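I'd like to ask you about the structure that follows.
Letters A, B, C, D, E, F, G and H mark the chains as written, and numbering starts fresh at 1 in each.
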């Protein structure tokens, strides 16, 4: 099955660091852009960051700029998010999503496959 | 870049190209305001202004008549690619041609030289006014041509006019020569200022914007223009710029030369026919069989997805033990041993059989080596040149990691089928055993 | 900020319509709109892409459109399975990917 | 005179932010646009000339582009000393109108 | 180092005469135009005019033509800007600036501005 | 237009096009009078007039050096069409190049700008004089260049001169860059007024005249020019305009895409190779395999009869009986299923096999249908677009009538031949049973 | 010229062509001095000079962004030919781009407009300066643009400027449109004074010099240009002219048409696939399979050795008794009797089978003969035209000696193989017996 | 004229170098240089062509170069078989084919 599996989410003290990992399986992972999306508990989804299919481009939300660093290993078929200076407001479920676009009208990507997400808690 | 010499089939695969693939079109509708010209007449005699004016008015009256009308995979793909492009553009022009659309486009360009507009058919075209000639005709030439008798002593007027109309006349020349659909976007259809502005307006990710602004020569080359018509004294035309909705995916190019071998002094050859560009698109391997389809800048290959043929994900097994893959890898085979050099990006394949004398040499040293007969792979580091009898090929002095994937060639290891021995573009297991 | 009403509701078999009001930097900038369904305790599921295209395996009663700076998802034939959050999504010229504030449907 | 509309009138950003500023002439000014930084209480300082070219000793994070009528300036990763007011200036024809000046804080 | 030190800060009643000065140094004075630029307090910069010290040719902004005058003492590398009657509106910081080239008209070295204030 | 989907071979035939077939050439011989220029020399210094004069005199001196040199059916046909055109044109220029006939042409153009002349080889050429430059050089420029001074203050004449000679200089570039035979008739070889005259002078029926006067961009496209040389200070060249001696006969175009079936899980495919334009000419079916030559405007398809291969009148049985006919209908066959869209005029053939996911949709609705695997025919009324995985093809929104000619596809109903299974361009019964 | 009709295979061989074959490249490096332009600015208002100046400076600033990137035999050969050419040229440009080499080149052109230079990589490029614009900008225009005022009353200045920059703007157009590598040497890259001067400097025998000076349109047509870059305010580019290191060797061209016979009413057709140009090079037969490769001027055929494939010296046995040589003469065979004319240089092959009515006629006499069924050879002395149904082909009126090499056609003397009967591009003994 | 030293000599195993000093009409005109060996009482044998390329069947110890208006043949590993005349050759823009004055090697 086409599956994404996040891991590495846990409890972190504010100012701590964490590294989320999203193993990808069942698809030609090197073909697809990959994304991290998060959801503060009971809040809406927030996009966090994206990486191009060969890592040549990386994008971050204003909350993520400088604090996070997305990376991918196309040989390990694994997607990573380093996180630093975690604020209490960064407490959320983080999903990785496969991202896909049709260029016909515009390039807006959409998130066809999602992982079940890893809970990150940032608290004392 | 990487280049694996696939010894068993006398073919390289060159890898680590990144991809840019056109997946849609973005429309800019230009309104070139030709001006008040058909209210001006020169009636005194021959004059400079009259000649430029007559050309301008005759060109406009000409342009009103011009209108648009609205397996060997290579010939297929480049058939579909052109047909798809024109049909996608025509389908948009057929919206813009509606007078209820032209008048909306024109109205939003009343106050500004650039407008974003949504057509009733939903396409969110950009619209642009080109207006320099109207401003000249209205503010200068109408005042100077006076009560006819335009043979005024002011020659700055006449020389000035021959500058402003020059763009307009070039747009007429290009649409009229091409019968309303130009093959490429000249500087006269869209100047560099307008192309950069149009790119910066596209609804696309910033990576594409930066990439397109760097490679704007490619954007100009992939796009094309369609004449909408002449409305009042504005010519209206549209330029379809590409949208590169797939970028940064892997691509590779497969090159091959005849892998011949001699059995009882009879040659048996095969040639891989699956040559050309391949890319991964959205988790599908896509093959671009026609040589017009794809063009390289650096690592980026700029293909068009309308030209791509999807090929099974197993088809990469033709690059690793084609001798035993179950996929029908397409080869030609036959008796006649062509001797030739195939220039790869990081080196050359040198097919060299009974007959021609093949050697490799350096400008500093002369002949380095006499090549063995049989297919050889010459990295661009081994030599500066390859020769095939008196013919000399200069090699590409480009850095990258060459590799050899070793194996006894297929034609050296399977017996050819006795009949037909010569077969064109067939699954490999029809040639051998 | 792409915006949606905080909740909508209806009886089974009603039509309910969820708006996704964007702006001249996103939906009005020409970017398309996508919709996701999130059932409680699951990752979101894509309902719609490119304004109105529907994936395989999504019921034909979900239908959507984009017009101007806005989009909407009409859940015709509202059903107990639709007791979920619905998020639109687009892309923003400045912010890049922007999800809407998300609308809960209540049957 | 060329009017030099310049937008946005103010900005705020984090260190590391790829802030961008726009200047838009009332006519074609070819590529004859310069960008200046004025730090508070200082005389202005030129950063870009000819729409695109870094003045000598300007940090290579500064950049610009465009031609004709629309021009842009970007600080590819803002730094704490880049706080100040930025002005465009055409020189396509006399008088050399400066833009409105956009304060970045 | 090219440096354009200026007069200082000056206070006047309206209708007084005044001249600002800019002692350029560190380059051959005649080969570059001297611009004058005005900044109303916290407002935008206004280009007032320029002089070519090789021959004291001057351009003015139409707003300032005939109100200000630009001059040089070529003998002491010193440009001047001068008013007949100071209006009380004409309180600002004035920077002279060297125009960097006859072709590429940016202003490369700016003087430390001179405050002028004019009130009664 | 009418379009039948031939279900049993995954090929459309589109009908109701009307032939317009070139069958001969009409010669217009132009005497472009460059004038007295070789008697004018500017010798005072650099001047505007001197520069335009030197360009004129140099171009004329360059032009004197220029003179002309004198089954896979597509490669055959387009070669013959090219060779026949040039040989037909050159055979007339070899008449006109005789001084005994240039002097006649020149003499009949003494007091008229247009003359009808019969060469000694019997061809009734039209002859035309262009004089505008000679008139200027004789009445204006010769009078102003006093005693080799020409740094003269009358800048009108320098600017004016650069207008008059522009046609001449453009003609010199076009002949020199093509070594005496242009591929098409530029506006500089023959202006719109001269083409309209030349068409109106052709010995042809008024139906052709009206049709040619409307489609004059096509007449300009099918014709070509030959340089006859320079005689005194006239350049002489000729334009071979087409004569469309067959019009209004039926034409049709066949499109096909791979018809595949998974007999025993492995595929077998065929592709029809007899694709492209057909017309009835004079009671014979003529096939035009060149993609270069046949070209539609509306219902009229313009083709060159020199590019046509006659095919037996029974060959239309491949559009009814292909499974059962005894005519050798050409196909390719083999294992590998290409999935592709072939855009017909009124719709799309959509080959969609194991692998890609094909769907059709409308801008108004999105996905209308997921297509069944196998060849499908999508009228432009069923959908606005077809997709093949991520690739989207816009369909031609062209009104017409679409038909389905039903039948179980051949590749589903006949068993493949076991060896060789892959065969290129073979009569159908060599692929099956 | 000589032409043997080979009756045995319905193919002509035309002999007595002499050869010219490109075997290397000569580099001319042009320093076009654009001059001080980026120190001039019009700033008063709209003016003639400002418009030309802005175009010149805008074009120059654009050009700084332009850069280059620093078996069916025909597709193979023309693939290699272009790849070899660009790689040979790029390898030299990549030496000249080094600042040590540009500054040497520029320095030796200080007080001479022509210099011979040896690069550090040993190539002895010629170097040329173009200064006409620099001289104008420095002496005239710099003095006219006083203090950024430039709407001066001297219109001779503005019109003069639009002449001098014309070359520069054309060079920019050509390199930018072609992304830094032009396909041919325009008059703007290399004027005809410079081509003759460059040819006269080639390190070559006087025979080639005289031959090249006569055929200089071909020298221009085979060469190509590469943009080195803009350095200071000089654009530097280079032009690779051909070196014709093989001349005067024998060449011949083989033409063929379908040979068929109605065995029991079934047409066992055969067609030779080895058509096209052959030459002897340095004691090797070389075949030039791609139609772009070779072009005639009288007896001289101008081929490119990089396009040639070596073929065994026995291969001429296919022109003597193809029936019975053991060399694998490549043919196609099959059921369908295409009827066609193949125009040879000294006549026409006329394949005329069941169906079409073929006749030959002269303009003096009309129909001379009705041709028999089967392939016929019509010398250009027998008739002026051949017709196939309503289609008429004019024959090439050319003096030469035709011959017939008699023999019963293969199609009529060997039996076709029962299966596969249709075979493409196979050795003859796979079709017959 | 193309000039060579009248003779050179060395012990076996020495390197000896034969110069071929041409002029701006030949070697300096871009024409390449060729070298021929002539053993006594034989026709010449081509040693080198196109400055430095070596035929099949010429010992690898013969090596040559061209530079400026000059060329040289380095006979490394000088041996009894090298007791021969060596002629350079080029082509002259005026005289066409020019052989050098020819250098005898003496072992």
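Points worth noting:
Quick note on the criterion: a contact is a pair of C-beta atoms (placed from the backbone, for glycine too) under 8 Å apart; a residue touches a chain by one contact, two chains touch by 3 or more.
Two chain pairs, G-H and A-F, are weighed by contacting C-beta pairs, with G-H ahead. When chain centres are set by their Cα atoms, the one at the greatest distance from subunit D is H.
Averaged C-alpha coordinates give centres for subunit C and subunit F that are 52 Å from one another.
Centroids built from CA atoms put subunit H at 60 Å from subunit F.
Rounded to whole angstrom units, the spacing between the C-alpha centres of subunit B and subunit C is 39.
Those residues of subunit F in touch with two or more other chains are numbered 155, 159, 390, 392, 420, 424. Residues of subunit C found to touch two or more other chains are 30-31, 50, 91, 96. The set of subunit A residues touching two or more other chains comprises 59, 62, 102, 104-109.
Two chains count as a pair here when they touch; such pairs are A-B, A-C, A-D, A-F, B-C, B-D, B-F, B-G, B-H, C-F, D-E, D-G, E-G, F-G, G-H. Residues 23-24, 48, 51, 62, 65-66, 69-73, 76-77, 79-80, 83-84, 87-88, 90-91, 94, 121-122, 155, 158-159, 173, 176, 179, 246, 281-282, 284, 286, 305-306, 308-310, 312, 328, 330, 420, 423-427, 430 of subunit F are the ones that touch subunit G when the two sit in their complex.
Across the complex, subunit B is touched by residues 29-31, 68, 91, 93, 96 of subunit C.
Chain contact summary for the complex, subunit D toward subunit G: residues 30-32, 50, 91-94. The touching residues of subunit H, when paired with subunit B in their complex, are 50-54, 56. Of all the residues in subunit G, the ones that touch subunit H in their complex are 116, 118, 124, 203, 205-206.
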